[PDB]
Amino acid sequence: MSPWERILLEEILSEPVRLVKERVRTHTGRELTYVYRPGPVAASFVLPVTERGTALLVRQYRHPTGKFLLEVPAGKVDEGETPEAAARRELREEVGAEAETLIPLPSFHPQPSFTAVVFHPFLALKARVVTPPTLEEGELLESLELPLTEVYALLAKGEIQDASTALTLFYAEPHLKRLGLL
């Protein structure tokens, strides 16, 4: 029951990422070309909090913006892998950490006008560093540790530019307050 009918779907790119240019017939009967990143595709985001009420974050270079941004560990969910598994894997790869309970937070679309991707946020409890990070070629990031009070001060001051990280922090806040970590 889609409002738009597919006329032709052309693959514009397969990698680095898959992009399509779709010719469709809209709700007005007229034709339109839409370019987007098709789904189903997903990524997980995880706020790792330690028992001391600090968070394990990363400062990562995001080329399109030319800036290093403060973010929660994250990454694409692999084929056949669950969002939670990808969350635990990225936590280990990027911050060399493991955690106990992972509370799933509300999923969201970062930019539905251009990509089908769904981001799945999580709050990881009792996070602890157990190994060296495993960064891949193409990724430029460093892990850091900040008291949650400072992280949330930055959020309130509007200094958290990465939308997913900001949203993850907003959804995690009541849980952190409930658990006595904030």
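Note that residue numbering begins at 1 and tracks the sequence as displayed.
Student: Of 9-17 and 162-170, which one has the bigger average CA B-factor?
Tutor: Looking at the recorded C-alpha B-factors, 9-17 comes out higher on average.
Student: For the higher mean C-alpha B factor in the entry, choose 60-68 or 129-137.
Tutor: It is 129-137.
Student: Choose from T50, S113, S44, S143 the residue with the greatest Cα B-factor as stated in the PDB record.
Tutor: In this record, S143 carries the highest C-alpha B-factor of the candidates.
Student: Compared with the other modelled residues in the chain, in which third is the CA B-factor of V117?
Tutor: Ranked within chain, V117 CA B lands in the middle tercile.
Student: For the chain shown, is the CA B-factor of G75 in the lowest, middle or highest third of its modelled residues?
Tutor: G75: CA B-factor falls in the middle third of its chain.
Student: Test of reading the entry: by CA B factor among the chain's modelled residues, which third contains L32?
Tutor: According to the entry, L32 has a C-alpha B-factor in the chain's highest third.
Student: Place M1 in the lowest, middle or highest third of its chain's C-alpha B-factors, as listed in the PDB entry.
Tutor: Its C-alpha B-factor belongs to the highest third of this chain's values.
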